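Proteins get letters first, then strands, A, B, ... in listed order; numbering begins at 1 in each. In each ligand, atom 1 is the first atom listed, and ligand 1 is the first ligand listed.
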Amino acid sequence: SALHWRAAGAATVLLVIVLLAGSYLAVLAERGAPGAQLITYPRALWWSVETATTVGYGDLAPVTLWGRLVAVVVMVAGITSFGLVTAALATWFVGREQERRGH
Amino acid sequence: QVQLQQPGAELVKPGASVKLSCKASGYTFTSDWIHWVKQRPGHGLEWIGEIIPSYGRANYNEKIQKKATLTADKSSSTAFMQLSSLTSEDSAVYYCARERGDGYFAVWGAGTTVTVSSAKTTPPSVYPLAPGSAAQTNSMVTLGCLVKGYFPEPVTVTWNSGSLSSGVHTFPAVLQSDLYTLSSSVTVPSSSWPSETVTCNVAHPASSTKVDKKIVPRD
Amino acid sequence: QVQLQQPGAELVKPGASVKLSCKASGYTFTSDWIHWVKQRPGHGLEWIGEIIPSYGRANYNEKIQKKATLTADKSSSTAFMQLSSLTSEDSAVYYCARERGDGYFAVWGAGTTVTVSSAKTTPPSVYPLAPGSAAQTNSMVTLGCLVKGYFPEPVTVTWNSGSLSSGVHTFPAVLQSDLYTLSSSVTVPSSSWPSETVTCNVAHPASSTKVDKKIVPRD
Amino acid sequence: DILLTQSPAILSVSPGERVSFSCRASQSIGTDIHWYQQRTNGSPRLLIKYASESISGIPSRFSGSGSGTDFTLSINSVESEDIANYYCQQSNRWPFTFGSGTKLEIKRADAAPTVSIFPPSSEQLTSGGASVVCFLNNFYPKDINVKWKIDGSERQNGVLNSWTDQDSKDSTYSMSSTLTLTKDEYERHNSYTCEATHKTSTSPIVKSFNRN
Ligand SMILES: CCCC[N+](CCCC)(CCCC)CCCC
Ligand SMILES: CCCCCCCCCO
């Protein structure tokens with residue numbers, strides 16, 4: 001298996017771990033803050049997914065410092081993981097185009 | 001099996017401190033939160049605080065006076081609430097509840113009746129209540145047990161180790177000179193008594209004394 | 001053509017169950033939702049539930065008592081609502097409506113008058129209503145039909161197979177000893193009667209009986 | 001914080017009739033409301049979670065509805081076991097808050113009290129005291145008056161009364177009246193009388209006992 005495909009699969013597994021850990025740590029950080037809505041794990045996981053994908057509907061958002069720091073990690077992990085997937089697709093296309101050119 | 005196990009009662013002197021318990025059993029996950037709810041006699045439910053035992057962080061209700069400290073012990077699966085500087089306003093029933101991190105309290109504990117007083121613990125006295133020699137009995141017959149002179153609350157009275165619950169009344173206690181007094185009624189068919197035994201089981205957790213008392217006819 | 005076709009009425013005994021129908025015609029898409037609306041006599045519209053026939057999922061109004069079960073049959077393009085354990089509170093007119101998945105009910109059915117009673121189905125009796133021998137007639141003349149002794153509701157009375165609607169009054173029924181009774185008025189010009197025939201068409205769907213009755217003068 | 005008002009505090013319903021409990025939230029909470037039941041001297045019991053989701057073990061007559069700020073707990077065909085307090089609790093915003101609570105009481109048919117008089121036992125007389133206990137059990141309505149006569153003369157001193165809440169087994173009420181005297185005062189008399197005047201009878205229900 002080539003590196004870029006192994007790295008993509010590794011990034012996908014790492015992203016799932018960030019989503020699960022991010023959902024657990026957000027609830028742990030948001031409870032205790034009056035008005036916080038990111039205080040139950042099922043919707044916290046939904047919030048983490050729409051954060052890593054950078055969709056950000058606005059139905060859920062962190063208000064505490066550590067809840068927002070968790071959000072930052074989720075954002076970077078999601079942007080990086082999907083970016084590595086795009087990078088792997090580019091390598092696949094470039095490698096196929098080299099063979100298409102004989103070189 | 002019961003999931004949350006709390007003591008029956010705790011007598012605290014005014015200003016003294018107490019630590020309550022809540023032994024957890026059944027399925028336990030890392031997403032469990034133990035909550036504590038306060039209910040004074042004649043009042044609704046009042047949220048006190050929460051704690052996640054898999055991490056040790058505790059949150060408290062910021063609207064009320066903070067008189068609690070929530071700890072957890074994963075080796076024995078028991079959460080603790082330490083109440084400090086108690087007055088009469090703190091005398092209530094304190095429940096513990098388990099939340100699976102999804103909002104609602106799926107299971108509650110029996111609650112620990114906390115009584116803040118300056119008195120002293122007195123075990124109760126149980127007396128039989130049988131009809132007199134001249135008493136016309138119908139198809140049924142009513143018997144009783146008199147639980148007087150105990151402090152503090154509560155007392156849990158059962159009939160025949162709990163096997164008799166239909167036709168059972170337990171009246172609330174009345175306070176008379178730092179002592180409580182109540183009675184419990186039971187209505188069995190007239191043919192069943194006194195052939196089949198009828199006993200009352202008066203348990204006073206504040207004094208760690210559970211007492212039985214058989215109801216035999218007079219002469 | 002009519003898009004939603006419902007039966008006229010259904011007589012249900014108290015506690016019994018019934019299954020209503022709603023045959024769909026016209027354009028049918030995978031995004032179609034069939035709704036059911038309940039309307040008691042003297043009340044507004046009450047949403048019951050919905051179903052998507054292209055998938056079979058049914059939703060129900062959670063505010064009211066759930067006494068319905070919605071099914072669909074794509075081979076015959078007919079949705080079904082099964083009502084169970086009916087009381088007098090369930091006696092109403094039940095419409096079906098088709099929503100194209102965009103919010104509003106573009107087309108409604110005629111509705112099935114559901115009457116929950118302990119009585120028995122009785123077909124109606126139709127009687128002519130012609131003016132007496134001594135009656136001065138103006139430029140117009142009023143005729144009638146008496147529909148009495150039927151159960152349950154409703155009865156749809158037309159005049160000359162529907163060709164006569166102007167000048168037609170149909171009074172609401174009155175309940176008299178588990179039997180309904182109403183009359184229908186029609187006002188034709190005096191010159192047109194009795195040269196041109198005047199008949200009333202009394203249809204009682206609960207008994208599957210539609211009866212005509214010509215109005216001829218007395219002697 | 002989120003305020004949960006439950007009004008009215010008491011709902012009177014005749015047996016076999018639907019009853020709806022109201023819970024209004026100070027701000028929109030979607031469907032993050034949960035209902036609990038608490039009988040007399042009992043711990044709260046979860047009835048409905050997330051406004052309208054059922055719980056295993058809860059009878060089918062319990063249901064819920066609503067979303068946003070108004071939420072309803074409905075009981076189809078109320079029964080005697082349903083006599084309790086009903087609380088709502090929100091989980092949308094921290095901290096979790098409870099409602100003030102709504103009590104459910106049943107209007108059953110009028111029932112005459114079953115009066116029983118009990119003399120003091122032998123185990124109490126040896127301690128220097130004596131108590132004549134009178135049980136006024138399973139009556140409706142709740143209004144009732146007890147009268148104590150010692151040797152035909154009315155006694156009002158040392159008579160402690162105790163009423164119960166509405167009985168969750170038969171929707172009735174029960175009352176206990178206890179006259180406590182010392183062993184000497186109890187032995188200076190003979191006739192002890194418990195009289196119960198109730199709506200169900202113009203004449204008082206009387207129970208007495210003699211030391212003979
Ligand atoms: C169609 C989704 C594209 C979203 N991107 C990249 C995905 C990252 C999860 C956001 C990057 C922002 C750092 C690119 C938007 C560029 C306008
Ligand atoms: C970004 C690091 C995770 C956040 C640390 C745990 C959450 C704080 C709990 O107080």
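The pair B:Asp102-D:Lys49 does not count as a salt bridge, with every side-chain nitrogen at least 4.0 angstrom from each carboxylate oxygen.
In terms of protein heavy-atom proximity, atom 6 (C) of ligand 2 is nearest to A:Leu25 CD2, 3.8 Å. From the protein, the heavy atom lying nearest to atom 11 (C) of ligand 1 is A:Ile79 CG2, 4.7 Å. Of all protein heavy atoms, the one lying nearest to atom 9 (C) of ligand 2 is B:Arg57 NH1, 3.6 Å. Protein heavy atom nearest atom 7 (C) of ligand 1, with residue, atom name and distance: A:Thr54 OG1, 4.9 Å.
By the 6.0 Å contact criterion, CG on D:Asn41 is open, its count of non-hydrogen atoms from other residues, nucleotides or ligands being 12 or less. Taking a 6.0 Å sphere around OH of C:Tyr27, one finds it holds 12 or fewer heavy atoms contributed by other residues, nucleotides or ligands.
No N or O atom of A:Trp66 sits closer than 3.5 Å to an N or O atom of ligand 2.
Below 4.0 Å from some heavy atom of A:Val70 lie the following atoms of ligand 2, by number and element: 3 (C), 4 (C).
The only member of D:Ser65, D:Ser63, D:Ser20 that meets side-chain hydrogen bond (donor to acceptor under 3.5 Å, both in side chains) when paired with D:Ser74 is D:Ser20.
Taking the side chain as every heavy atom from C-beta outward, A:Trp92 and A:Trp5 approach each other to under 4.5 Å.
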Applying side chain to side chain contact (heavy atoms under 4.5 Å, CB included), run through B:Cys22 and B:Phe80 and close with a yes or a no. CA-CA 7 Å; B:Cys22 175; B:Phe80 305 98; over 6 Å; no

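For atom 16 (C) of ligand 1, no protein heavy-atom neighbour is found at a distance under 4.0 Å.
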